[PDB]
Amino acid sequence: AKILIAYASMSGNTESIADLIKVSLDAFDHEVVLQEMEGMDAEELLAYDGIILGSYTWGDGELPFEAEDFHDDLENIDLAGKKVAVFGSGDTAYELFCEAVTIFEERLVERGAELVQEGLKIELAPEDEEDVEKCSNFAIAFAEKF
């Protein structure tokens, strides 16, 4: 086991970002598991060397209902030594664009994880050239940390 991508997606935008990151991480002969974070016991993260969380942002910059349980679930695990990163899909029409990226970044650092880079912030779906290149650069820099 190596790198885990746990994502929360409702309309598919964050899921599409998770798919792009995994494919890049595949090209480096890493072991990349792709999972949804809902109903996922947070204990599973300790089997991995790297962990990449991903979530969309819901009302008033709050985590979606599905991700707050997993976020609170992280309260009781030591992530010391785990190299982590965060991504998310939001909409700049809101004041708190991709607050979920900041929320999960603080929580992972709050539990001893080594945050290797600033989170990836995509608007809506990664359905154009520079969004795909944003994901491609983010995933490669994470692989350079390994």
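Each residue number is its position in the shown sequence, starting from 1.
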| query | finding |
| --- | --- |
| Of 42-50 and 83-91, the one with larger mean CA B-factor | 42-50 |
| Of 32-40 and 115-123, the one with larger mean CA B-factor | 32-40 |
| Candidate residues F104, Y56, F65, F70, the one whose C-alpha B factor the record puts highest | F65 |
| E130 - which third its CA temperature factor falls in, relative to the rest of the chain | middle |
| B-factor third for the C-alpha atom of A6 within its chain | lowest |
| Third of the chain's Cα B-factor distribution that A143 belongs to, per the entry | highest |
